[PDB]
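J.: One structure coming up, written as structure tokens, with questions to follow.
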Amino acid sequence: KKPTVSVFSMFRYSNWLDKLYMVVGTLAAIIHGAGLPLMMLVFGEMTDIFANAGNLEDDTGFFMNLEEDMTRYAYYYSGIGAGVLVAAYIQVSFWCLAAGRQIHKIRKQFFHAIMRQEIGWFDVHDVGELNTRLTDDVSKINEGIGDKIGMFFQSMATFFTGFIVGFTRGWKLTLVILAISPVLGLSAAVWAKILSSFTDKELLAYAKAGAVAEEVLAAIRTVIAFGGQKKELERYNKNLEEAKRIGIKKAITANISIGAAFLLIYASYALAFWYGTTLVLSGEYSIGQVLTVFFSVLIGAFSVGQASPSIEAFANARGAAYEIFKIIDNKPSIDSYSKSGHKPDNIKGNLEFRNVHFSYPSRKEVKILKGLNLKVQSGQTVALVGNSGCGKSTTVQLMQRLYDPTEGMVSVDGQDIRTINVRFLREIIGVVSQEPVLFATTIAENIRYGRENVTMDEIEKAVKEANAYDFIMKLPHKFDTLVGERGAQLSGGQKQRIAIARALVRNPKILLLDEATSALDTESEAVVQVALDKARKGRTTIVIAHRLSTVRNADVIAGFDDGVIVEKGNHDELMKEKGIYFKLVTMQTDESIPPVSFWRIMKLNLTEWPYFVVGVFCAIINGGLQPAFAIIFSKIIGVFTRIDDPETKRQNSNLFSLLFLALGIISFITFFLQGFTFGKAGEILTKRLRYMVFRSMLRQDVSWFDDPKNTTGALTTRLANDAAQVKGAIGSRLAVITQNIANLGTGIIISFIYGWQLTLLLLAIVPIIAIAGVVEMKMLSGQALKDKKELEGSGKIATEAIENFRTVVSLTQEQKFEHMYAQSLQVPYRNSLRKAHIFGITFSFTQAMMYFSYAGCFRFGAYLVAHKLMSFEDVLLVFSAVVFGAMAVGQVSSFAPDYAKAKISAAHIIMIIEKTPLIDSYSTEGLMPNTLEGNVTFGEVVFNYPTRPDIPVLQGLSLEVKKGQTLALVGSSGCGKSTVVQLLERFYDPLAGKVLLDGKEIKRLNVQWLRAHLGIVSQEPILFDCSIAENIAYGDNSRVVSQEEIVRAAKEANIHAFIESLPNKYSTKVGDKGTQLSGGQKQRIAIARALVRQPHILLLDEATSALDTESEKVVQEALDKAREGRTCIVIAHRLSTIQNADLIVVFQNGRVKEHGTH
Ligand SMILES: CC(=O)O[C@H]1C(=O)[C@@]2(C)[C@H]([C@H](OC(=O)c3ccccc3)[C@]3(O)C[C@H](OC(=O)[C@H](O)[C@@H](NC(=O)c4ccccc4)c4ccccc4)C(C)=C1C3(C)C)[C@]1(OC(C)=O)CO[C@@H]1C[C@@H]2O
Ligand SMILES: Nc1ncnc2c1ncn2[C@@H]1O[C@H](COP(=O)(O)OP(=O)(O)OP(=O)(O)O)[C@@H](O)[C@H]1O
């Protein structure tokens, strides 16, 4: 379990106004949450007074009273609307502002801490993790401290307010609904579990066939070489039959379970309202109280569930922020920002190392230094020589205060480096690295990085002394030319000379050189060397380099070995001692996817039309019942709004409740029918699409496969996951569209039948709510995209900084980098403030229009009832039939798996299916001559790989072999041997030239007919997850193979001497799940599989390159008989294995260099 930091440390950076924002936003969120159940209370009381005035009606004085007091209730609604408007605006705006400020401070402090850390801490964490953290986990913190906390508080406030308003009216109904609530919770949990697990269970069911699919797409070469498509396709089809069976069972079980859960919650609602009606008949409650309690408690209980995503967001926010807080709190051993320490002056430049012991913290168990003791006087030149990894780089890093030594001390002019502060020490010492890194900025700012207060004239003087004066003038924009990867790629020496200019502009007292000219060509090496030896004068320098010519003129050329100093002398002394230096001297000297339209996708499933017809006819009746639910609800509510004897009221109330239950039962059975039929249609669609796409993939040649855009993983994703969503485009899409259409139509029509004015007003005030919702979603998406695109600018600076941590630390420019990051953060800060304000406004308007809509609609309804245009029951009918219809439309649309993913999947699926290969495998259009002979010839054969068309893989190849003659094709891996094997198998058609079979080109022959006559054994013998008998029978596919042929093939391959050793001989299973076999045995079974077909031409491709000698002898024994009487092609990396070969051809980038005999 990942640790968390909790409240005491999560908020942390919050000064004054931040906590004020937090508290005000929380209070506003509480008000906003508590508003809604109060609006329900007003609804209940207004309904009660409407019924009271109606039964008073059931003369104009109390009608005027109705007008005025309903106007007062409209005022109540408008006041609630204004209050929730201001509360929502305040909550969203203040929480977003507080989160933005807090996260801005967090980002600044986190970058500052990362720049503060010592190199040692940086070396135990990879570079790639830090930037990905700084982006993603900071975004997660933004999610955690954003509006989510406000929404969580609003949800809890709704829960508590609903329960409180329920309990203050009547405890009986609240207790009944609360005791029913566990049933609703359990049913919702079941629905969530079954709905979520559906895809994972689908994957689990498919895994069986997916294993075979993955196996085939990894050995495509052999499959197409042996012509096994017409058998592996059928195996895949059988596994798909099994998958289809299990998927059908899963679909029916899941559908019936979901139907049962929905019927359960529906009956729970029905029972609760029936008990409410029974209480009403007893005279203890009124309609208003029952409506208020029921709706309030239900909405509170539903709202308490809405807080779960907020809780999860908070939890992952803490989990992400724990690492950041740990990193920032980590005080390093050496603090570059520390002002403490000595501040020396007039530094002469002497250096002293005494007993210096040091090891890398990453590899502490390995010791690098063994007590260095080095004396350097100011003024002269001291160089260090030695082998790679002998502490030279470690010595340089320790010199400039990067790693403190384990034991011993280093002093400058007799003063310890520990006493001196890090900043001044690093500023004094100048260092030149082996591989300079240049920032993506103009040369002017690159030089400016050396020091802040350097004048332009000083820059010019430094460049003149750095020999870069001449070359810079040739640049298009002189000293302001943009350089780096985006700028023109400068020469290798240009980077080195501008780096030495950057070092020299600081005018350092002590200079360090780490392989200055190691990675430079000689022409620029001479220039940079003369620059180095001109700049070396007047300063004390330490130089380490592999080339001894540069350090030949050094005053003291000290040797280095095993982290200790043994030999110390000059050129003459070193060359007279005949030590390590003398030996070194003597040895050196997505994309454009065209949409395919709904009609084509529907055509992909035209054959199963009866399933679609019954599904649509079931979806019509399923959808059209939500308005019926509304009608029955309004009728039962209005039952008590008329004056009659109690017994008739009880009778018809029970009748309506029973009708409600019966309609629920009908809904359950229709939902089961529709779900089952659509699921079966979709599964048949998926099975047929998988079969056809696998057929098409097996039909096309390898030119498709070699493309790296679509690898084995991509293809198996297409087969497994991509094709499973096609049923989202047709089927379920038709279901949701039809359901929504019927739900809107029935409600609109019945409302028009009952009352046209009120339904007109609703048809005018509901679309604006929907358009407000969609506008809010569009604004949110645009805001997120703009935020990411703007923050990419600061991310670029962050990446440029972190990846060059060594150089930026060495150049003590961390302050400048932080300052540059400051403004790049500052602009998005203002953008975030503006986005917070606009989001507050739009969310306030979205969440407020409902109350004003209620007020206006019910005012219009009251006016209508005032003059007996309609009845209150009709008002409730035309209100419910529209509002519940809209909510149901939204929810049903949410239920379905949208449409965009299905569309983008169907585009790929159709483009793959319709893709006709250049060389059609299944086509019978091809010449069928008699038995083949073996006169293979090549003329001017030219071919280019799809991956590397520019690289010459085949250019004018011309080789010849005759009947019954052994030829060899030796060469480096992938130099043409694979290409000629593939083209003989007809895997790649050469761009130019003719490959003649029996003196005639291989173009006019049918693919299977020509491929059936060749024998291919590759370097890695790939075997399939089946039996040994099946594997050997795979060798030929034109006819079945009996047991005796297998026996004689094994005897010829000599594997039979080992097959009997197996417990189950021929019946032994082979593969990963079976018994493991060695390389020699696998090669023997592979050559047996080659021989069983008995081709008259066979090719070997580096097969004997991975065989142990004991098994190699038996393999050669079998191959000596195999090659006798047959034409053989030999490819191998061993000269001994090709000694018996007669003819050899050597490939040179596809150009024949030497062909003929061995
Ligand atoms: C008077 C009236 O119509 O009231 C509504 C209703 O009040 C609300 C709250 C309903 C109601 O649903 C819930 O209470 C509910 C709660 C949690 C999870 C799922 C449902 C309703 O029960 C559910 C019912 O919805 C449906 O019938 C859907 O089409 C849904 N139904 C069933 O699955 C079902 C099957 C057999 C028996 C009863 C229902 C459906 C969803 C997807 C695919 C096919 C069908 C409706 C609109 C109502 C009630 C009755 C209160 C909601 O249901 C839907 C999906 O329409 C919840 O979200 C909507 C919003 C509606 O306003
Ligand atoms: N971060 C590190 N972790 C572990 N060992 C390291 C690390 N950095 C350097 N070393 C060690 O230092 C040596 C490599 O040093 P570096 O790459 O700077 O060049 P070098 O060996 O001095 O010479 P050259 O110029 O030929 O590369 C190796 O012995 C290596 O084990």
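How things are named: the first chain in the structure tokens is A, the next is B, and so on; residues count from 1 in each chain; ligands count from 1 in the order shown.
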Please give me, as number ranges by chain, the residues lying within 12 Å of ligand 2 when counting only C-alpha atoms and all ligand atoms.
T.: A: 119-126, 358-369, 384-397, 402-403, 433-435, 513-519, 543-547, 560-563, 806
J.: Quick one: write out the picked residues with C-alpha atoms as a CSV table (one decimal), in the first residue's frame?
T.:
chain,number,residue,atom,x,y,z
A,119,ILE,CA,24.2,14.6,-8.4
A,120,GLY,CA,24.3,11.5,-6.1
A,121,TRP,CA,20.6,11.6,-5.6
A,122,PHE,CA,20.1,12.2,-9.3
A,123,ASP,CA,22.2,9.2,-10.2
A,124,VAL,CA,19.8,6.8,-8.4
A,125,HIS,CA,16.8,7.9,-10.3
A,126,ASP,CA,16.4,7.7,-14.1
A,358,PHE,CA,35.8,7.7,-3.0
A,359,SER,CA,33.3,5.2,-4.4
A,360,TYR,CA,30.0,5.6,-6.3
A,361,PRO,CA,27.0,5.5,-4.0
A,362,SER,CA,25.2,3.4,-6.7
A,363,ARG,CA,28.0,0.8,-6.5
A,364,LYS,CA,29.3,1.3,-3.0
A,365,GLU,CA,30.4,-2.3,-2.7
A,366,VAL,CA,32.9,-1.5,-5.5
A,367,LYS,CA,35.7,0.9,-4.5
A,368,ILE,CA,37.2,3.2,-7.1
A,369,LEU,CA,39.7,5.4,-5.3
A,384,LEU,CA,46.9,12.9,-16.0
A,385,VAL,CA,47.2,9.7,-18.1
A,386,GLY,CA,45.8,6.2,-17.7
A,387,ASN,CA,43.2,3.7,-18.9
A,388,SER,CA,39.5,4.0,-19.1
A,389,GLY,CA,37.5,3.9,-15.9
A,390,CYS,CA,40.6,4.5,-13.8
A,391,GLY,CA,39.1,7.4,-11.8
A,392,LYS,CA,40.1,10.3,-14.1
A,393,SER,CA,36.5,11.3,-14.7
A,394,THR,CA,35.8,10.6,-11.0
A,395,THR,CA,38.8,12.7,-10.0
A,396,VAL,CA,37.6,15.6,-12.2
A,397,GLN,CA,34.0,15.4,-10.7
A,402,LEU,CA,30.3,16.9,-7.2
A,403,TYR,CA,31.0,14.0,-4.9
A,433,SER,CA,33.5,18.3,-21.0
A,434,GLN,CA,34.0,15.5,-23.5
A,435,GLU,CA,30.5,15.8,-25.2
A,513,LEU,CA,39.8,19.4,-19.6
A,514,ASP,CA,37.9,16.1,-20.0
A,515,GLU,CA,38.8,14.6,-23.4
A,516,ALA,CA,38.5,17.9,-25.3
A,517,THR,CA,39.4,16.5,-28.7
A,518,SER,CA,38.4,12.8,-28.2
A,519,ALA,CA,35.4,12.9,-30.5
A,543,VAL,CA,43.9,17.8,-18.6
A,544,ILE,CA,42.8,14.1,-19.1
A,545,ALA,CA,42.8,12.7,-22.6
A,546,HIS,CA,43.3,9.4,-24.4
A,547,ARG,CA,45.6,10.9,-27.0
A,560,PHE,CA,47.3,7.1,-13.0
A,561,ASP,CA,46.4,3.5,-12.1
A,562,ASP,CA,44.1,1.8,-9.6
A,563,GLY,CA,43.1,5.1,-8.0
A,806,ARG,CA,25.4,17.7,-15.2
J.: Among the residues of segment 572-786 of chain A, find those DSSP assigns to helix (DSSP H, G or I) from the backbone and print them as an NGL selection string.
T.: :A and (572-577 or 580-588 or 597-603 or 609-623 or 626-639 or 646-699 or 702-706 or 712-728 or 732-754 or 756-786)
J.: Please extract the residues at most 6 Å from ligand 1, counting only C-alpha atoms and all ligand atoms, and provide them as a PyMOL selection string, using the chain letters and residue numbers of this document.
T.: chain A and resi 188+259+262-263+266+623+626+629-630+664+667-668+671+884+887-888+891-892
J.: Got a sec: who's within 10 Å of residue 965 of chain A, counting only C-alpha atoms, leaving out chain neighbours fewer than 6 positions off, as number ranges by chain?
T.: A: 934-935, 1097, 1123-1129, 1141-1143
J.: For the residues in that selection, give me N, CA, C and O atoms as a short mmCIF file (atom, residue, chain, number, x, y, z; two decimals), in the first residue's frame.
T.:
data_model
loop_
_atom_site.label_atom_id
_atom_site.label_comp_id
_atom_site.auth_asym_id
_atom_site.auth_seq_id
_atom_site.Cartn_x
_atom_site.Cartn_y
_atom_site.Cartn_z
N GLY A 934 14.29 -27.89 -61.54
CA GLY A 934 15.28 -27.31 -60.65
C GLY A 934 16.20 -26.29 -61.29
O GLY A 934 17.13 -25.80 -60.65
N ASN A 935 15.94 -25.94 -62.55
CA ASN A 935 16.77 -24.98 -63.28
C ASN A 935 16.40 -23.56 -62.87
O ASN A 935 15.80 -22.78 -63.61
N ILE A 1097 13.39 -29.69 -54.22
CA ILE A 1097 14.32 -28.61 -53.93
C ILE A 1097 14.12 -28.20 -52.48
O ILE A 1097 12.99 -27.99 -52.03
N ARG A 1123 20.12 -34.47 -48.58
CA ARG A 1123 20.59 -33.73 -49.75
C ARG A 1123 20.86 -34.64 -50.94
O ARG A 1123 20.88 -34.16 -52.08
N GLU A 1124 21.07 -35.93 -50.71
CA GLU A 1124 21.28 -36.86 -51.81
C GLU A 1124 20.00 -37.03 -52.62
O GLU A 1124 18.93 -37.30 -52.05
N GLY A 1125 20.10 -36.86 -53.93
CA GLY A 1125 18.95 -36.99 -54.81
C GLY A 1125 18.05 -35.77 -54.87
O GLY A 1125 17.04 -35.81 -55.57
N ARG A 1126 18.39 -34.69 -54.16
CA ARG A 1126 17.58 -33.48 -54.14
C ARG A 1126 18.48 -32.27 -54.29
O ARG A 1126 19.67 -32.30 -53.97
N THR A 1127 17.90 -31.18 -54.80
CA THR A 1127 18.61 -29.92 -54.95
C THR A 1127 18.59 -29.15 -53.64
O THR A 1127 17.51 -28.93 -53.07
N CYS A 1128 19.76 -28.76 -53.16
CA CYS A 1128 19.92 -28.18 -51.84
C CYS A 1128 20.51 -26.77 -51.93
O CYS A 1128 21.40 -26.51 -52.74
N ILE A 1129 19.99 -25.88 -51.09
CA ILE A 1129 20.55 -24.55 -50.89
C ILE A 1129 21.04 -24.46 -49.45
O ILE A 1129 20.28 -24.71 -48.52
N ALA A 1141 29.48 -28.82 -49.26
CA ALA A 1141 28.76 -28.08 -50.28
C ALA A 1141 29.60 -27.96 -51.55
O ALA A 1141 30.83 -27.82 -51.49
N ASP A 1142 28.93 -28.00 -52.70
CA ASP A 1142 29.60 -27.95 -53.99
C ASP A 1142 29.63 -26.55 -54.59
O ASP A 1142 30.69 -26.08 -55.01
N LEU A 1143 28.49 -25.88 -54.64
CA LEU A 1143 28.37 -24.58 -55.28
C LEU A 1143 28.03 -23.51 -54.24
O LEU A 1143 27.27 -23.77 -53.30
#
J.: Neighbours of residue 849 of chain A within 10 Å (only C-alpha atoms; same-chain residues fewer than 2 positions away dropped), as a count of residues only?
T.: 18
J.: Using only C-alpha atoms, which protein or nucleic acid residues come within 8 Å of segment 340-346 of chain A? Drop anything in the same chain fewer than 4 positions from it, and give the result as JSON, numbers by chain.
T.: {"A": [418, 419, 420, 421, 424]}
J.: Have a look at A:675, A:990, A:162, A:405 and name the one nearest to residue 304 of chain A; count only C-alpha atoms.
T.: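 Closest to residue 304 of chain A, using only C-alpha atoms: A:162.
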